[PDB]
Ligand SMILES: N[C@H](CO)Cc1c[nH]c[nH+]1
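The data below hold one chain only, encoded as structure tokens and taken in the form solved without this ligand.
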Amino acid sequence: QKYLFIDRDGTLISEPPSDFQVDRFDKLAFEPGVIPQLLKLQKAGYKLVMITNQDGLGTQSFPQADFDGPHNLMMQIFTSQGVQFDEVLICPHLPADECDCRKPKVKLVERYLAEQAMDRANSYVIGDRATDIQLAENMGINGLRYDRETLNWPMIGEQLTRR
């Protein structure tokens, strides 16, 4: 079973440069081609897992309800279009917290690291940061660095369905 463990901010949707929080609907913007390309990936046999660091989500620096609105709408869009994430894995912690679950730590994905849980050879972490790539290393799998110009959703869709 091949899995794509996919980052949220800066990968599925744009990352706001001011505070790095999609905490209003006008800061919500899908990355180009993400929907058709995730559809294409699913049709090739990949299951999808969302994995995101959301610094201080739940607290007053990032109120749950400020996150929920655009997140839920993002999820309705995916679901309604046929894109299904098996899980959405979120670390709401601050880096100072030194929590167990903050990417590139593997705690959130521990069940996929069980011994026949996935096909490590053909599974990927897709994300736009070094920490996504480090997560992949920590997981014993491939890391793809999403880039809107140089490794984008159409390129990814093509590359991962190559035979």
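Residue numbers run from 1 along the displayed sequence.
Another form, the form deposited with this ligand bound, is not on view; read the next lines as being about it.
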Point to revise | Per-stretch contact check against this ligand in the deposited bound form, the hit in 49 to 57, 28 to 36, 104 to 112, 117 to 125 (non-hydrogen atom, 4.5 angstroms) | key: 49 to 57
Review point. Does the 4.5 Å heavy atom contact test between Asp147 and this ligand in the deposited bound form come out positive?
Key: no
Exercise for review: Determine whether any heavy atom of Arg129 comes within 4.5 Å of a heavy atom of this ligand in the deposited bound form, and answer yes or no.
Suggested key: yes
Check your understanding: Relative to this ligand in the deposited bound form, which residues of 58 to 73 have a heavy atom no more than 4.5 Å away?
Key -> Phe62
